[PDB]
file target30.pdb (PDB, C-alpha atoms and all ligand atoms)
ATOM      1  CA  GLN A   1    -246.072 -75.372  25.718  1.00  0.00           C
ATOM      2  CA  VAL A   2    -246.943 -78.602  23.873  1.00  0.00           C
ATOM      3  CA  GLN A   3    -250.096 -78.851  21.791  1.00  0.00           C
ATOM      4  CA  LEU A   4    -251.563 -81.897  20.110  1.00  0.00           C
ATOM      5  CA  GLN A   5    -254.612 -80.837  18.059  1.00  0.00           C
ATOM      6  CA  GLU A   6    -256.931 -83.637  16.859  1.00  0.00           C
ATOM      7  CA  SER A   7    -259.608 -83.497  14.157  1.00  0.00           C
ATOM      8  CA  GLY A   8    -261.799 -85.703  12.004  1.00  0.00           C
ATOM      9  CA  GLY A   9    -264.331 -87.319  14.347  1.00  0.00           C
ATOM     10  CA  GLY A  10    -268.050 -87.441  13.793  1.00  0.00           C
ATOM     11  CA  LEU A  11    -271.206 -89.504  13.594  1.00  0.00           C
ATOM     12  CA  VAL A  12    -270.815 -92.529  11.296  1.00  0.00           C
ATOM     13  CA  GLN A  13    -272.556 -95.735  10.199  1.00  0.00           C
ATOM     14  CA  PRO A  14    -271.415 -99.290  11.105  1.00  0.00           C
ATOM     15  CA  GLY A  15    -269.235-100.514   8.214  1.00  0.00           C
ATOM     16  CA  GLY A  16    -268.012 -97.016   7.333  1.00  0.00           C
ATOM     17  CA  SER A  17    -264.556 -95.417   7.231  1.00  0.00           C
ATOM     18  CA  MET A  18    -263.045 -92.349   8.868  1.00  0.00           C
ATOM     19  CA  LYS A  19    -259.574 -90.758   9.141  1.00  0.00           C
ATOM     20  CA  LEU A  20    -258.389 -88.906  12.230  1.00  0.00           C
ATOM     21  CA  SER A  21    -255.561 -86.353  12.262  1.00  0.00           C
ATOM     22  CA  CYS A  22    -253.386 -84.924  14.982  1.00  0.00           C
ATOM     23  CA  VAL A  23    -250.936 -82.015  14.580  1.00  0.00           C
ATOM     24  CA  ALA A  24    -248.121 -81.564  17.100  1.00  0.00           C
ATOM     25  CA  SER A  25    -246.185 -78.465  18.176  1.00  0.00           C
ATOM     26  CA  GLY A  26    -243.675 -77.529  20.901  1.00  0.00           C
ATOM     27  CA  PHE A  27    -241.542 -80.666  20.847  1.00  0.00           C
ATOM     28  CA  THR A  28    -239.383 -82.489  18.300  1.00  0.00           C
ATOM     29  CA  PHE A  29    -242.208 -84.702  16.935  1.00  0.00           C
ATOM     30  CA  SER A  30    -239.981 -86.753  14.608  1.00  0.00           C
ATOM     31  CA  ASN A  31    -237.847 -88.038  17.547  1.00  0.00           C
ATOM     32  CA  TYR A  32    -240.769 -89.701  19.412  1.00  0.00           C
ATOM     33  CA  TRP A  33    -243.127 -92.607  18.896  1.00  0.00           C
ATOM     34  CA  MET A  34    -246.802 -91.676  18.699  1.00  0.00           C
ATOM     35  CA  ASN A  35    -249.881 -93.535  19.939  1.00  0.00           C
ATOM     36  CA  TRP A  36    -253.654 -93.437  19.606  1.00  0.00           C
ATOM     37  CA  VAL A  37    -255.663 -94.252  22.721  1.00  0.00           C
ATOM     38  CA  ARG A  38    -259.450 -94.271  23.012  1.00  0.00           C
ATOM     39  CA  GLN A  39    -261.890 -93.832  25.859  1.00  0.00           C
ATOM     40  CA  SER A  40    -265.393 -95.310  26.137  1.00  0.00           C
ATOM     41  CA  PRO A  41    -267.683 -95.594  29.174  1.00  0.00           C
ATOM     42  CA  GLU A  42    -267.956 -99.377  28.551  1.00  0.00           C
ATOM     43  CA  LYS A  43    -264.289-100.346  27.867  1.00  0.00           C
ATOM     44  CA  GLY A  44    -262.444 -97.525  29.766  1.00  0.00           C
ATOM     45  CA  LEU A  45    -259.084 -96.246  28.383  1.00  0.00           C
ATOM     46  CA  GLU A  46    -257.779 -98.461  25.595  1.00  0.00           C
ATOM     47  CA  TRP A  47    -254.460 -98.260  23.728  1.00  0.00           C
ATOM     48  CA  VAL A  48    -255.128 -98.676  19.974  1.00  0.00           C
ATOM     49  CA  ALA A  49    -251.868 -98.266  18.016  1.00  0.00           C
ATOM     50  CA  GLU A  50    -248.263 -97.008  18.003  1.00  0.00           C
ATOM     51  CA  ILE A  51    -245.914 -95.814  15.295  1.00  0.00           C
ATOM     52  CA  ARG A  52    -242.135 -95.608  15.790  1.00  0.00           C
ATOM     53  CA  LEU A  53    -239.514 -93.480  13.986  1.00  0.00           C
ATOM     54  CA  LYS A  54    -238.192 -93.111  10.445  1.00  0.00           C
ATOM     55  CA  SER A  55    -235.065 -94.978  11.710  1.00  0.00           C
ATOM     56  CA  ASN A  56    -237.365 -97.910  12.649  1.00  0.00           C
ATOM     57  CA  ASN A  57    -238.879 -97.907   9.156  1.00  0.00           C
ATOM     58  CA  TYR A  58    -241.998 -96.404  10.804  1.00  0.00           C
ATOM     59  CA  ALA A  59    -242.750 -99.717  12.505  1.00  0.00           C
ATOM     60  CA  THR A  60    -246.355-100.078  13.742  1.00  0.00           C
ATOM     61  CA  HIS A  61    -248.217-102.168  16.322  1.00  0.00           C
ATOM     62  CA  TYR A  62    -251.933-102.501  16.992  1.00  0.00           C
ATOM     63  CA  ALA A  63    -254.349-103.694  19.626  1.00  0.00           C
ATOM     64  CA  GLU A  64    -255.921-107.028  18.640  1.00  0.00           C
ATOM     65  CA  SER A  65    -259.397-105.321  18.604  1.00  0.00           C
ATOM     66  CA  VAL A  66    -258.431-103.113  15.615  1.00  0.00           C
ATOM     67  CA  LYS A  67    -255.725-105.071  13.770  1.00  0.00           C
ATOM     68  CA  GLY A  68    -256.548-105.328  10.063  1.00  0.00           C
ATOM     69  CA  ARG A  69    -259.098-102.483  10.271  1.00  0.00           C
ATOM     70  CA  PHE A  70    -257.040 -99.512  11.537  1.00  0.00           C
ATOM     71  CA  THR A  71    -253.841 -98.004  10.111  1.00  0.00           C
ATOM     72  CA  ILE A  72    -251.577 -95.553  11.928  1.00  0.00           C
ATOM     73  CA  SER A  73    -249.278 -93.285   9.896  1.00  0.00           C
ATOM     74  CA  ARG A  74    -247.226 -90.146  10.324  1.00  0.00           C
ATOM     75  CA  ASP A  75    -245.912 -87.255   8.280  1.00  0.00           C
ATOM     76  CA  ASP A  76    -242.828 -85.851   9.988  1.00  0.00           C
ATOM     77  CA  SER A  77    -242.637 -82.881   7.560  1.00  0.00           C
ATOM     78  CA  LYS A  78    -246.121 -81.787   8.817  1.00  0.00           C
ATOM     79  CA  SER A  79    -245.558 -82.899  12.459  1.00  0.00           C
ATOM     80  CA  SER A  80    -248.726 -84.990  12.124  1.00  0.00           C
ATOM     81  CA  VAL A  81    -250.012 -88.452  12.999  1.00  0.00           C
ATOM     82  CA  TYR A  82    -253.087 -90.117  11.521  1.00  0.00           C
ATOM     83  CA  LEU A  83    -255.477 -92.982  12.163  1.00  0.00           C
ATOM     84  CA  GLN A  84    -257.372 -94.507   9.239  1.00  0.00           C
ATOM     85  CA  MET A  85    -260.347 -96.465  10.569  1.00  0.00           C
ATOM     86  CA  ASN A  86    -262.095 -98.940   8.257  1.00  0.00           C
ATOM     87  CA  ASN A  87    -265.085-101.192   8.731  1.00  0.00           C
ATOM     88  CA  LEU A  88    -266.228 -99.366  11.879  1.00  0.00           C
ATOM     89  CA  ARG A  89    -268.215-101.219  14.566  1.00  0.00           C
ATOM     90  CA  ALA A  90    -270.407-100.071  17.451  1.00  0.00           C
ATOM     91  CA  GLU A  91    -267.520-101.027  19.816  1.00  0.00           C
ATOM     92  CA  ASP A  92    -265.254 -98.384  18.164  1.00  0.00           C
ATOM     93  CA  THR A  93    -267.365 -95.572  19.616  1.00  0.00           C
ATOM     94  CA  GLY A  94    -265.335 -93.310  21.923  1.00  0.00           C
ATOM     95  CA  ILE A  95    -263.069 -90.312  22.371  1.00  0.00           C
ATOM     96  CA  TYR A  96    -259.833 -90.746  20.417  1.00  0.00           C
ATOM     97  CA  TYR A  97    -256.569 -89.168  21.656  1.00  0.00           C
ATOM     98  CA  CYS A  98    -253.115 -88.893  20.110  1.00  0.00           C
ATOM     99  CA  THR A  99    -250.439 -89.181  22.805  1.00  0.00           C
ATOM    100  CA  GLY A 100    -246.733 -89.762  23.376  1.00  0.00           C
ATOM    101  CA  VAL A 101    -243.388 -88.818  24.957  1.00  0.00           C
ATOM    102  CA  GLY A 102    -241.874 -90.587  27.966  1.00  0.00           C
ATOM    103  CA  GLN A 103    -244.300 -92.381  27.364  1.00  0.00           C
ATOM    104  CA  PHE A 104    -247.741 -90.580  27.658  1.00  0.00           C
ATOM    105  CA  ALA A 107    -246.603 -86.909  28.772  1.00  0.00           C
ATOM    106  CA  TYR A 108    -248.684 -85.173  26.093  1.00  0.00           C
ATOM    107  CA  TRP A 109    -252.315 -85.706  25.055  1.00  0.00           C
ATOM    108  CA  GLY A 110    -254.511 -84.096  22.490  1.00  0.00           C
ATOM    109  CA  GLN A 111    -257.908 -82.696  23.410  1.00  0.00           C
ATOM    110  CA  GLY A 112    -259.656 -85.740  21.861  1.00  0.00           C
ATOM    111  CA  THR A 113    -262.028 -86.164  18.926  1.00  0.00           C
ATOM    112  CA  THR A 114    -265.306 -88.033  19.400  1.00  0.00           C
ATOM    113  CA  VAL A 115    -266.215 -90.918  17.088  1.00  0.00           C
ATOM    114  CA  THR A 116    -269.821 -92.161  17.423  1.00  0.00           C
ATOM    115  CA  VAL A 117    -270.732 -95.302  15.456  1.00  0.00           C
ATOM    116  CA  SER A 118    -274.491 -96.017  15.351  1.00  0.00           C
ATOM    117  CA  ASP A1008    -255.989-111.009  27.912  1.00  0.00           C
ATOM    118  CA  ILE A1009    -254.145-108.992  30.585  1.00  0.00           C
ATOM    119  CA  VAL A1010    -256.133-107.132  33.245  1.00  0.00           C
ATOM    120  CA  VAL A1011    -254.494-104.164  35.018  1.00  0.00           C
ATOM    121  CA  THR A1012    -256.249-103.395  38.299  1.00  0.00           C
ATOM    122  CA  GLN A1013    -256.470-100.087  40.205  1.00  0.00           C
ATOM    123  CA  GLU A1014    -258.441 -98.966  43.275  1.00  0.00           C
ATOM    124  CA  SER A1015    -261.928 -97.908  42.090  1.00  0.00           C
ATOM    125  CA  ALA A1016    -261.931 -94.856  44.404  1.00  0.00           C
ATOM    126  CA  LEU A1017    -259.890 -93.280  47.151  1.00  0.00           C
ATOM    127  CA  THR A1018    -260.810 -90.374  49.426  1.00  0.00           C
ATOM    128  CA  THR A1019    -258.229 -87.990  50.936  1.00  0.00           C
ATOM    129  CA  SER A1020    -258.016 -84.411  52.283  1.00  0.00           C
ATOM    130  CA  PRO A1021    -255.684 -81.510  51.580  1.00  0.00           C
ATOM    131  CA  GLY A1022    -252.216 -82.083  52.989  1.00  0.00           C
ATOM    132  CA  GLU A1023    -252.485 -85.854  53.283  1.00  0.00           C
ATOM    133  CA  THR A1024    -250.229 -88.412  51.576  1.00  0.00           C
ATOM    134  CA  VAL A1025    -252.176 -90.752  49.282  1.00  0.00           C
ATOM    135  CA  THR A1026    -250.864 -93.686  47.288  1.00  0.00           C
ATOM    136  CA  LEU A1027    -252.613 -95.218  44.300  1.00  0.00           C
ATOM    137  CA  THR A1028    -251.674 -98.688  43.040  1.00  0.00           C
ATOM    138  CA  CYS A1029    -251.575-100.629  39.820  1.00  0.00           C
ATOM    139  CA  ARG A1030    -251.539-104.470  39.777  1.00  0.00           C
ATOM    140  CA  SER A1031    -250.935-106.834  36.832  1.00  0.00           C
ATOM    141  CA  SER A1032    -252.789-110.110  36.323  1.00  0.00           C
ATOM    142  CA  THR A1033    -249.507-111.522  34.880  1.00  0.00           C
ATOM    143  CA  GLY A1034    -247.637-111.344  38.194  1.00  0.00           C
ATOM    144  CA  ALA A1035    -245.292-108.770  39.702  1.00  0.00           C
ATOM    145  CA  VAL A1036    -244.916-105.323  38.097  1.00  0.00           C
ATOM    146  CA  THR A1037    -241.259-104.571  37.346  1.00  0.00           C
ATOM    147  CA  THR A1038    -239.262-101.762  35.743  1.00  0.00           C
ATOM    148  CA  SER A1039    -239.636-103.759  32.462  1.00  0.00           C
ATOM    149  CA  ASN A1040    -243.336-102.745  32.474  1.00  0.00           C
ATOM    150  CA  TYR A1041    -242.385 -99.015  32.215  1.00  0.00           C
ATOM    151  CA  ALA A1042    -245.361 -97.990  34.334  1.00  0.00           C
ATOM    152  CA  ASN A1043    -246.959 -94.663  33.360  1.00  0.00           C
ATOM    153  CA  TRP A1044    -249.492 -92.604  35.299  1.00  0.00           C
ATOM    154  CA  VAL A1045    -251.856 -90.087  33.663  1.00  0.00           C
ATOM    155  CA  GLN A1046    -254.469 -87.736  35.073  1.00  0.00           C
ATOM    156  CA  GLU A1047    -257.933 -87.025  33.671  1.00  0.00           C
ATOM    157  CA  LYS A1048    -259.723 -83.787  34.656  1.00  0.00           C
ATOM    158  CA  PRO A1049    -262.990 -82.339  33.344  1.00  0.00           C
ATOM    159  CA  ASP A1050    -263.792 -82.255  30.460  1.00  0.00           C
ATOM    160  CA  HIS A1051    -261.818 -85.361  29.337  1.00  0.00           C
ATOM    161  CA  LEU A1052    -258.539 -83.447  29.757  1.00  0.00           C
ATOM    162  CA  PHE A1053    -255.511 -85.775  30.040  1.00  0.00           C
ATOM    163  CA  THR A1054    -252.013 -84.970  31.246  1.00  0.00           C
ATOM    164  CA  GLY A1055    -249.174 -87.439  31.766  1.00  0.00           C
ATOM    165  CA  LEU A1056    -247.562 -87.443  35.226  1.00  0.00           C
ATOM    166  CA  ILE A1057    -245.035 -90.272  35.428  1.00  0.00           C
ATOM    167  CA  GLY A1058    -243.300 -92.515  32.824  1.00  0.00           C
ATOM    168  CA  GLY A1059    -240.668 -95.258  33.032  1.00  0.00           C
ATOM    169  CA  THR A1060    -241.891 -96.216  36.531  1.00  0.00           C
ATOM    170  CA  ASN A1061    -240.706 -93.076  38.330  1.00  0.00           C
ATOM    171  CA  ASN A1062    -239.732 -90.347  35.859  1.00  0.00           C
ATOM    172  CA  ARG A1063    -241.747 -87.173  36.393  1.00  0.00           C
ATOM    173  CA  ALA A1064    -242.860 -85.515  33.085  1.00  0.00           C
ATOM    174  CA  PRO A1065    -241.653 -81.925  32.485  1.00  0.00           C
ATOM    175  CA  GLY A1066    -243.608 -79.312  34.446  1.00  0.00           C
ATOM    176  CA  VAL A1067    -245.366 -81.925  36.589  1.00  0.00           C
ATOM    177  CA  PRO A1068    -245.576 -80.762  40.223  1.00  0.00           C
ATOM    178  CA  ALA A1069    -243.072 -82.161  42.722  1.00  0.00           C
ATOM    179  CA  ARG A1070    -245.814 -83.649  44.966  1.00  0.00           C
ATOM    180  CA  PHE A1071    -246.320 -86.448  42.410  1.00  0.00           C
ATOM    181  CA  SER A1072    -243.945 -89.426  42.453  1.00  0.00           C
ATOM    182  CA  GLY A1073    -243.808 -92.957  41.059  1.00  0.00           C
ATOM    183  CA  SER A1074    -242.632 -96.145  42.706  1.00  0.00           C
ATOM    184  CA  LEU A1075    -242.800 -99.925  42.779  1.00  0.00           C
ATOM    185  CA  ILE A1076    -244.143-101.181  46.126  1.00  0.00           C
ATOM    186  CA  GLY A1077    -244.978-104.820  46.912  1.00  0.00           C
ATOM    187  CA  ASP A1078    -244.821-105.854  43.226  1.00  0.00           C
ATOM    188  CA  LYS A1079    -247.362-103.199  42.140  1.00  0.00           C
ATOM    189  CA  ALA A1080    -246.675 -99.844  40.524  1.00  0.00           C
ATOM    190  CA  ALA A1081    -247.663 -96.862  42.655  1.00  0.00           C
ATOM    191  CA  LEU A1082    -248.305 -93.129  42.340  1.00  0.00           C
ATOM    192  CA  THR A1083    -247.963 -91.067  45.501  1.00  0.00           C
ATOM    193  CA  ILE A1084    -249.238 -87.568  46.096  1.00  0.00           C
ATOM    194  CA  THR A1085    -247.237 -86.136  49.033  1.00  0.00           C
ATOM    195  CA  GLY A1086    -249.579 -83.432  50.286  1.00  0.00           C
ATOM    196  CA  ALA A1087    -252.750 -83.702  48.279  1.00  0.00           C
ATOM    197  CA  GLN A1088    -254.304 -80.481  46.960  1.00  0.00           C
ATOM    198  CA  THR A1089    -257.965 -79.722  46.107  1.00  0.00           C
ATOM    199  CA  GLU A1090    -257.122 -79.500  42.403  1.00  0.00           C
ATOM    200  CA  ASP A1091    -255.811 -83.119  42.464  1.00  0.00           C
ATOM    201  CA  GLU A1092    -259.396 -84.379  42.540  1.00  0.00           C
ATOM    202  CA  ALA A1093    -259.373 -86.316  39.260  1.00  0.00           C
ATOM    203  CA  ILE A1094    -259.280 -89.804  37.723  1.00  0.00           C
ATOM    204  CA  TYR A1095    -255.814 -91.404  37.612  1.00  0.00           C
ATOM    205  CA  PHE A1096    -254.915 -94.166  35.146  1.00  0.00           C
ATOM    206  CA  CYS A1097    -251.872 -96.397  35.047  1.00  0.00           C
ATOM    207  CA  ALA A1098    -250.527 -98.074  31.916  1.00  0.00           C
ATOM    208  CA  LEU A1099    -248.186-101.095  31.793  1.00  0.00           C
ATOM    209  CA  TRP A1100    -246.048-102.286  28.847  1.00  0.00           C
ATOM    210  CA  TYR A1101    -245.920-105.935  27.792  1.00  0.00           C
ATOM    211  CA  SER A1102    -243.306-106.620  25.071  1.00  0.00           C
ATOM    212  CA  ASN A1103    -245.037-104.630  22.301  1.00  0.00           C
ATOM    213  CA  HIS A1104    -248.355-103.254  23.662  1.00  0.00           C
ATOM    214  CA  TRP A1105    -249.823-101.182  26.490  1.00  0.00           C
ATOM    215  CA  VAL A1106    -252.593-102.159  28.895  1.00  0.00           C
ATOM    216  CA  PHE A1107    -254.364 -99.378  30.857  1.00  0.00           C
ATOM    217  CA  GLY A1108    -255.892 -99.911  34.255  1.00  0.00           C
ATOM    218  CA  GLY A1109    -259.509 -99.043  35.013  1.00  0.00           C
ATOM    219  CA  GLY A1110    -258.651 -95.742  36.697  1.00  0.00           C
ATOM    220  CA  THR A1111    -258.975 -94.511  40.272  1.00  0.00           C
ATOM    221  CA  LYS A1112    -261.367 -91.715  41.172  1.00  0.00           C
ATOM    222  CA  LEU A1113    -259.586 -89.586  43.787  1.00  0.00           C
ATOM    223  CA  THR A1114    -261.805 -87.272  45.851  1.00  0.00           C
ATOM    224  CA  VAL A1115    -260.124 -84.573  47.925  1.00  0.00           C
ATOM    225  CA  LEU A1116    -262.479 -83.474  50.794  1.00  0.00           C
ATOM    226  CA  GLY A1117    -262.130 -80.423  53.057  1.00  0.00           C
TER     227      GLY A1117
ATOM    228  CA  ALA B   1    -238.842-101.536  25.683  1.00  0.00           C
ATOM    229  CA  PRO B   2    -241.205 -98.675  24.640  1.00  0.00           C
ATOM    230  CA  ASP B   3    -240.168 -95.180  23.714  1.00  0.00           C
ATOM    231  CA  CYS B   4    -237.679 -94.539  26.516  1.00  0.00           C
ATOM    232  CA  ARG B   5    -235.975 -91.547  24.907  1.00  0.00           C
ATOM    233  CA  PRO B   6    -236.104 -88.561  27.292  1.00  0.00           C
TER     234      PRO B   6
HETATM  235  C1  LIG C1201    -234.468 -95.385  25.911  1.00  0.00           C
HETATM  236  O1  LIG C1201    -233.482 -95.435  26.919  1.00  0.00           O
HETATM  237  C2  LIG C1201    -233.465 -96.807  27.284  1.00  0.00           C
HETATM  238  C3  LIG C1201    -232.795 -96.941  28.633  1.00  0.00           C
HETATM  239  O2  LIG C1201    -233.671 -97.887  29.270  1.00  0.00           O
HETATM  240  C4  LIG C1201    -232.746 -97.595  26.193  1.00  0.00           C
HETATM  241  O3  LIG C1201    -231.391 -97.133  26.074  1.00  0.00           O
HETATM  242  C5  LIG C1201    -233.494 -97.416  24.853  1.00  0.00           C
HETATM  243  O4  LIG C1201    -232.648 -97.866  23.781  1.00  0.00           O
HETATM  244  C6  LIG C1201    -233.942 -95.946  24.626  1.00  0.00           C
HETATM  245  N1  LIG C1201    -235.116 -95.868  23.747  1.00  0.00           N
HETATM  246  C7  LIG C1201    -235.077 -95.749  22.413  1.00  0.00           C
HETATM  247  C8  LIG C1201    -236.472 -95.665  21.785  1.00  0.00           C
HETATM  248  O5  LIG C1201    -234.053 -95.729  21.727  1.00  0.00           O
END

call {"tool": "encode", "arguments": {"input": "target30.pdb", "output": "structure tokens", "more": "lines below"}}
Ligand SMILES: *[C@H]1O[C@H](CO)[C@H](O)[C@H](O)[C@H]1NC(C)=O
result
Amino acid sequence: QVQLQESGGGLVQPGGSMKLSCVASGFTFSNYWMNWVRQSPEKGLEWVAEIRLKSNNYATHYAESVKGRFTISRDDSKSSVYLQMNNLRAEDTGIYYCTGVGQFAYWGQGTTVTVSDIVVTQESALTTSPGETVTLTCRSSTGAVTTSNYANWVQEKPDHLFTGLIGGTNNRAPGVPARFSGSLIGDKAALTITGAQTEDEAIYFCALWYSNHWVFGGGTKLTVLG
Amino acid sequence: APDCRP
């Protein structure tokens, strides 16, 4: 249904520049904010930048790690979003994804870039079996998670394939199976799978909103045995 | 808030 198709990655030198592109289809691109998020084995999933709508004068926000080096832009007439990356560092190495909608339903396939504080905490691993009910949790170092953190849950399957499950605490993304649900329980956000299935073996990440930026948790590896 | 449009 929805496709986000990235391009422009590669193998670059420290100090260099690179521009990434992402072309959207299957949804009204110009009505939604877009984000870039990156994944590295060292720093996990990291939100990089957002761009808002024409009606917001295309307002942008950046992670502190890239501010002054990266620029996000969009071309609504081409249904495309871009990331200009200047003065690249070793720490910018990773897989770069364009993502958005309610708030992280849709993800591109990723483009690899190789260059050569709030903590959100999730269970490292959980083990379940088919037909069980399993609940994953997401804690903030700031204090209680509330509906003002707009908790999102996303799923990663091989090979680095992301799909959004839940946004705005408990809103299921379109086409997401009914066994997934979101909640707030004991001042943490939570994702529940009511009757786990073998195909739900995957890494699950939460993301929490703080005023004007997102912080992703470390992810939970869910194994489904039997 | 973030992008809360459905
Ligand atoms: C999203 O809906 C929320 C309800 O919480 C607000 O009305 C908000 O104004 C909407 N988002 C945008 C981006 O306009």

call {"tool": "closest_residue", "arguments": {"input": "target30.pdb", "among": "A:1026, A:35, A:1038, A:3", "to": "ligand LIG 1201 (chain C)", "atoms": "only C-alpha atoms and all ligand atoms"}}
result
A:1038

call {"tool": "resolve_selection", "arguments": {"input": "target30.pdb", "expression": "the PyMOL selection byres (((not hetatm)) within 10 of (chain C and resi 1201))", "output": "PyMOL selection string"}}
result
(chain A and resi 31-33+52-53+56+102+1038-1039+1041+1059) or (chain B and resi 1-6)

call {"tool": "closest_residue", "arguments": {"input": "target30.pdb", "among": "A:50, A:1078, A:1050, A:92", "to": "chain B", "atoms": "all atoms listed in the file"}}
result
A:50

call {"tool": "residues_around", "arguments": {"input": "target30.pdb", "residues": "residue 6 (chain A)", "least_positions_apart": "4", "cutoff": "9 Å", "atoms": "all atoms listed in the file", "output": "number ranges by chain"}}
result
A: 20-23, 96-98, 110-113

call {"tool": "atom_distance", "arguments": {"input": "target30.pdb", "atom1": "CA of residue 1086 (chain A)", "atom2": "CA of residue 101 (chain A)"}}
result
26.6 Å

call {"tool": "atom_distance", "arguments": {"input": "target30.pdb", "atom1": "CA of residue 1017 (chain A)", "atom2": "CA of residue 107 (chain A)"}}
result
23.6 Å

call {"tool": "atom_distance", "arguments": {"input": "target30.pdb", "atom1": "CA of residue 1064 (chain A)", "atom2": "CA of residue 79 (chain A)"}}
result
21.0 Å

call {"tool": "closest_residue", "arguments": {"input": "target30.pdb", "among": "A:1054, A:1114, A:73, A:28", "to": "chain B", "atoms": "all atoms listed in the file"}}
result
A:28

call {"tool": "closest_residue", "arguments": {"input": "target30.pdb", "among": "A:65, A:1032, A:1089, A:25", "to": "residue 1 (chain A)", "atoms": "all atoms listed in the file"}}
result
A:25

call {"tool": "build_atoms", "arguments": {"input": "target30.pdb", "residues": "region 1049-1063 of chain A", "atoms": "N, CA, C and O atoms", "output": "PDB file, in the frame of the given file"}}
result
ATOM      1  N   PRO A1049    -261.915 -82.751  34.249  1.00  0.00           N
ATOM      2  CA  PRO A1049    -262.990 -82.339  33.344  1.00  0.00           C
ATOM      3  C   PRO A1049    -262.492 -81.267  32.355  1.00  0.00           C
ATOM      4  O   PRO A1049    -261.709 -80.401  32.765  1.00  0.00           O
ATOM      5  N   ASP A1050    -262.901 -81.276  31.088  1.00  0.00           N
ATOM      6  CA  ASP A1050    -263.792 -82.255  30.460  1.00  0.00           C
ATOM      7  C   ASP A1050    -262.938 -83.176  29.580  1.00  0.00           C
ATOM      8  O   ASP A1050    -262.511 -82.768  28.501  1.00  0.00           O
ATOM      9  N   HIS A1051    -262.677 -84.394  30.056  1.00  0.00           N
ATOM     10  CA  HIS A1051    -261.818 -85.361  29.337  1.00  0.00           C
ATOM     11  C   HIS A1051    -260.456 -84.768  28.959  1.00  0.00           C
ATOM     12  O   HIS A1051    -259.980 -84.910  27.819  1.00  0.00           O
ATOM     13  N   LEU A1052    -259.831 -84.112  29.933  1.00  0.00           N
ATOM     14  CA  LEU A1052    -258.539 -83.447  29.757  1.00  0.00           C
ATOM     15  C   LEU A1052    -257.441 -84.304  30.377  1.00  0.00           C
ATOM     16  O   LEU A1052    -257.369 -84.410  31.609  1.00  0.00           O
ATOM     17  N   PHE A1053    -256.565 -84.879  29.544  1.00  0.00           N
ATOM     18  CA  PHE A1053    -255.511 -85.775  30.040  1.00  0.00           C
ATOM     19  C   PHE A1053    -254.154 -85.106  30.072  1.00  0.00           C
ATOM     20  O   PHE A1053    -253.797 -84.354  29.157  1.00  0.00           O
ATOM     21  N   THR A1054    -253.404 -85.386  31.137  1.00  0.00           N
ATOM     22  CA  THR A1054    -252.013 -84.970  31.246  1.00  0.00           C
ATOM     23  C   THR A1054    -251.215 -86.144  31.808  1.00  0.00           C
ATOM     24  O   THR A1054    -251.659 -86.825  32.750  1.00  0.00           O
ATOM     25  N   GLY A1055    -250.040 -86.403  31.239  1.00  0.00           N
ATOM     26  CA  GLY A1055    -249.174 -87.439  31.766  1.00  0.00           C
ATOM     27  C   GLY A1055    -248.416 -86.936  32.987  1.00  0.00           C
ATOM     28  O   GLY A1055    -247.953 -85.790  32.997  1.00  0.00           O
ATOM     29  N   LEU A1056    -248.282 -87.789  34.000  1.00  0.00           N
ATOM     30  CA  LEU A1056    -247.562 -87.443  35.226  1.00  0.00           C
ATOM     31  C   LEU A1056    -246.207 -88.101  35.350  1.00  0.00           C
ATOM     32  O   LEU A1056    -245.205 -87.426  35.609  1.00  0.00           O
ATOM     33  N   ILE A1057    -246.197 -89.419  35.179  1.00  0.00           N
ATOM     34  CA  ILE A1057    -245.035 -90.272  35.428  1.00  0.00           C
ATOM     35  C   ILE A1057    -244.885 -91.242  34.249  1.00  0.00           C
ATOM     36  O   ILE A1057    -245.893 -91.780  33.774  1.00  0.00           O
ATOM     37  N   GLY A1058    -243.641 -91.453  33.794  1.00  0.00           N
ATOM     38  CA  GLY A1058    -243.300 -92.515  32.824  1.00  0.00           C
ATOM     39  C   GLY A1058    -242.078 -93.279  33.284  1.00  0.00           C
ATOM     40  O   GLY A1058    -241.377 -92.846  34.198  1.00  0.00           O
ATOM     41  N   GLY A1059    -241.831 -94.433  32.677  1.00  0.00           N
ATOM     42  CA  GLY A1059    -240.668 -95.258  33.032  1.00  0.00           C
ATOM     43  C   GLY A1059    -240.594 -95.520  34.523  1.00  0.00           C
ATOM     44  O   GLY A1059    -239.540 -95.354  35.144  1.00  0.00           O
ATOM     45  N   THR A1060    -241.737 -95.908  35.092  1.00  0.00           N
ATOM     46  CA  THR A1060    -241.891 -96.216  36.531  1.00  0.00           C
ATOM     47  C   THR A1060    -241.893 -94.991  37.448  1.00  0.00           C
ATOM     48  O   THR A1060    -242.825 -94.824  38.230  1.00  0.00           O
ATOM     49  N   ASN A1061    -240.868 -94.148  37.372  1.00  0.00           N
ATOM     50  CA  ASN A1061    -240.706 -93.076  38.330  1.00  0.00           C
ATOM     51  C   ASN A1061    -240.115 -91.788  37.771  1.00  0.00           C
ATOM     52  O   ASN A1061    -239.583 -90.987  38.524  1.00  0.00           O
ATOM     53  N   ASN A1062    -240.227 -91.577  36.464  1.00  0.00           N
ATOM     54  CA  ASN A1062    -239.732 -90.347  35.859  1.00  0.00           C
ATOM     55  C   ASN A1062    -240.862 -89.343  35.727  1.00  0.00           C
ATOM     56  O   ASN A1062    -241.820 -89.573  35.010  1.00  0.00           O
ATOM     57  N   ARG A1063    -240.732 -88.223  36.421  1.00  0.00           N
ATOM     58  CA  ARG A1063    -241.747 -87.173  36.393  1.00  0.00           C
ATOM     59  C   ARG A1063    -241.684 -86.425  35.048  1.00  0.00           C
ATOM     60  O   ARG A1063    -240.619 -86.017  34.624  1.00  0.00           O
TER      61      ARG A1063
END
